[PDB]
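Down below is the structure, laid out as structure tokens.
Set out below in structure tokens:
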């Protein structure tokens, strides 16, 4: 989806979630939806509230985990 | 800015009502401007730009 290649800038996340994204550098929301909840909790310094907010920002625009894209970007 | 009031308040007079010495007030203005800077929050305001 064209919005999946939209970055974390339009995701409208915290500054802490931006710290985590720079620490991970996942550019597209379609690559990030490919990951799961415990997989996101693999990241350091990113806790339960962080993944909670991430699920919220994904529920905003129909995004969620498990969607495995291919030929992306 | 001067929305819904006859000014145009300045940084010292603004931060008086927020008790900041105009530096944190500058920072707060900058944060609000950065937030509204985002697309999906200012696409309409983008359309208001003429060029």
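Protein chains in written order, with the UniProt record's numbering: chain H, 250 to 322; chain X, 563 to 613. Ideal Cβ positions, reconstructed from N, Cα and C, are used throughout, including at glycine.
Does DSSP put residue 287 of chain H in a helix, in a strand, or in coil? Counting from 1 along the first chain, the entry for residue 287 of chain H is found at position 38. Annotated three-state conformation of residue 287 of chain H is helix, per DSSP.
Does residue 257 of chain H pass the burial test, meaning 16 or more other C-beta atoms within 10 Å, or should it be called exposed? Numbered from its first residue, the first chain carries residue 257 of chain H at position 8. Flag for residue 257 of chain H reads buried.
How would you write the range of the alpha helix (DSSP H) that residue 605 of chain X sits in, first residue to last? Taking the second chain and counting its residues from 1, one reaches residue 605 of chain X at position 43. That run of the alpha helix (DSSP H) goes 605-610.
Inspect the CB distances between the region 285-302 of chain H and the region 571-584 of chain X and report whether three or more fall short of 8 Å. no
With distances taken Cα to Cα, identify the nearest neighbour of residue 254 of chain H among H/282, H/292 and H/287. The residue labelled residue 254 of chain H in the question sits at position 5 within the first chain. Ranking H/282, H/292 and H/287 by Cα distance to residue 254 of chain H puts H/282 first.
Taking C-beta to C-beta, are residue 574 of chain X and residue 584 of chain X nearer than 7 Å? Position 12 of the second chain, counting from 1, holds the residue named residue 574 of chain X. Position 22 of the second chain, counting from 1, holds the residue named residue 584 of chain X. Their beta carbons are under 7 Å apart, which means residue 574 of chain X touches residue 584 of chain X by this criterion.
I think residue 303 of chain H touches residue 289 of chain H, with their Cβ atoms under 8 Å apart; what is that distance to the nearest whole Å? Position 54 of the first chain, counted from the first residue, corresponds to residue 303 of chain H. Position 40 of the first chain, counted from the first residue, corresponds to residue 289 of chain H. That belief holds up - the Cβ atoms of residue 303 of chain H and residue 289 of chain H are roughly 7 Å apart, short of 8 Å.
Contacts that residue 604 of chain X makes with chain H (C-beta to C-beta distance below 9 Å): Position 42 of the second chain holds residue 604 of chain X. Result: empty, since nearest Cβ-Cβ is about 11 Å, beyond 9 Å.
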